[PDB]
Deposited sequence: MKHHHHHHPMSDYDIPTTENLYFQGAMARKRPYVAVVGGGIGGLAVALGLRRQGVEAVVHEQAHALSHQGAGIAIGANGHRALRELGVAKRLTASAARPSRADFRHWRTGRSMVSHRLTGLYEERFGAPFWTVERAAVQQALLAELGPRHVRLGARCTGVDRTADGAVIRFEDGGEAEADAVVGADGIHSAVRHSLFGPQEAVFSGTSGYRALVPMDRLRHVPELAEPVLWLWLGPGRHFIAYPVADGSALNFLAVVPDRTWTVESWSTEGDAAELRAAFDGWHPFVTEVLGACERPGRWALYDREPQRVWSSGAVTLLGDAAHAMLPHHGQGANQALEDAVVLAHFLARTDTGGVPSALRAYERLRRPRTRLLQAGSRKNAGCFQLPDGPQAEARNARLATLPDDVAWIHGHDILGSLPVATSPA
């Protein structure tokens, strides 16, 4: 009984993590990534306890300790007055409650740590997938350059515009939010004038029509920011935050060339898997960035999918892909819905609804425990 050889399309967090996770449990997995080399851009992400646990399982948490940063609190700030509307301490309480720390870190750092632990030799650069056809015993991936690679299982981790998803279920439009995210890492030495940044904090500035998130990365030496605005040029971004507190305007004014990303997600899908092909990460369940969980969820996907594929033979692959999907879909669906809800919530004008939002924010540790406190390993059979 042959154990499956596994081809993974995409070398982002999701693809690296699942390849790394498969190999750690004795399955041969190989990544096909379209880019000629992996980027060192892409700014900051937040790793919750739930994702931290996935990184421990995959053996990469120890390598990320240095470049991680440990926000002491989540501080929800009024757009105009700069007052702390709601605050929750993370130092100690977060780890005690949910079983692991809250980290903020560069995307690229997480990507690099995964790449190293997996081994770069397991990643084919320059391989752009254009398609996947199911065979009788497995599947074969088509590349742009005419190539092919057959396998006992194929995992589509090729992002929100997944070639693998298109092949399996046909054309499907990504859903535009009507907002853009501007993202940047600002060196802290360009922000000496901003005294709030003396403490490491997860900042969430909430206001009318738009919002602004900031946090430290690289052990406190740079500050990530994400500015979500109705929909790139720095002048138009600075203007969209006219009237806001100096903290926001000063941080925006310290980056000449921020990155702009139209923010899309997709409707939840009833089906991810077809014979020996399945999806993972943004390809399976793309969400807006408003829970800070997309990477976290790709990591959960990776752990769970590696578990099922490490325990089967070639003939058990379809069943294993369906078991992964059946466990992962409901959770990701709720996060998708939640991330949409939060886009609205973060952008209310001043008024009763915003005051009611603020009230429900007081009970946030209970209300999001299902996310941060989730034990991925304990969810398995």
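- Residues 1-28, 260-270, 421-426 of the deposited sequence have no C-alpha coordinates in the model.
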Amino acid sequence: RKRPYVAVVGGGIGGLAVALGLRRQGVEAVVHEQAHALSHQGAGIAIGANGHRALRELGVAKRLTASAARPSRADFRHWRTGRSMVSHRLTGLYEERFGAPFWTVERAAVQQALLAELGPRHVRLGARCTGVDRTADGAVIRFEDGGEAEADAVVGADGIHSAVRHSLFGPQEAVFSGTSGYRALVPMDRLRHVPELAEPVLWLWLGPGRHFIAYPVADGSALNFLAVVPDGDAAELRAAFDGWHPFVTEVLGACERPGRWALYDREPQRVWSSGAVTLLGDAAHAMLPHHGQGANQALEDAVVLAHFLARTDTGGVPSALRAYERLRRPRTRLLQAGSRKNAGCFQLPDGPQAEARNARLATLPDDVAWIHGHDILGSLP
From here on, numbers count along this sequence of modelled residues.
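- As recorded in the PDB entry, 131-139 is the stretch of 303-311 and 131-139 with the greater mean C-alpha temperature factor.
- Comparing 294-302 with 165-173, the higher mean C-alpha B-factor in the PDB entry belongs to 165-173.
- Comparing C-alpha B-factors across 153, 213, 283, 255 in the deposited entry, the largest value falls on 255.
- Of the candidates 348, 49, 68, 337, the deposited coordinates give 68 the top C-alpha B factor.
- For residue 90, the recorded CA B-factor ranks within the highest third of the chain. Only modelled residues enter the ranking.
- Per the deposited record, the Cα B-factor of residue 323 falls in the middle third when ranked against the other modelled residues of its chain.
- Per the PDB record, residue ranking by Cα B-factor puts residue 331 in the lowest third of the chain.
- When all modelled residues of the chain are sorted by CA temperature factor, residue 113 is found within the middle third.
- The PDB entry assigns residue 245 a C-alpha temperature factor belonging to the lowest third of its chain's modelled residues.
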